[PDB]
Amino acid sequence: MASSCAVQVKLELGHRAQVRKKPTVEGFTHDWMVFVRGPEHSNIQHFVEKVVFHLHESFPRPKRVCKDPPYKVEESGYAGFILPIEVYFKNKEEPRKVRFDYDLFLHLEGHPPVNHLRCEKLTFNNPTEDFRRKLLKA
């Protein structure tokens, strides 16, 4: 009751996108990759249960699930979109997960490729002992 605790964890969301030399048979012009990771020398898997990447409905199996690192999707397409990302926690109490609406933008042909990084800080106020242990390992 004397002591209080705030634990902060750093997530990095990002994507790369490059125009293909030749478009696919379906007419997909771009190759892209989206990811969620920790900083260098981090182990976010200690507290991350899974990452869910909600692709545009035009993709087959659009709710892409990554239970183990790396948390990323590699795809080909013709356009960018808002891509909701859910990071689930190895946590018994709330919050169970966090959601980000990720802007998976693609540049036009004749323009340089995309290499974007978006930093996200999470704060857990007075987590459970077990979750605190998990968070601080990352």
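In this text, the rigid core denotes the largest set of C-alpha atoms whose superposition between the two forms falls within 1.5 Å. Position 1 is the first residue in the sequence shown; the rest follow in order.
In 7 other deposited structures of this protein, superposed on the rigid core, the segment with the larger root-mean-square CA displacement between 41 to 49 and 99 to 107 is 41 to 49. According to the PDB record, 109 to 117 carries the higher mean C-alpha B-factor of the two stretches 70 to 78 and 109 to 117. The mean C-alpha temperature factor is higher for 19 to 27 when 118 to 126 and 19 to 27 are set side by side. Each of 86, 40, 103, 93 has a CA temperature factor in the record; the biggest one is found at 93.
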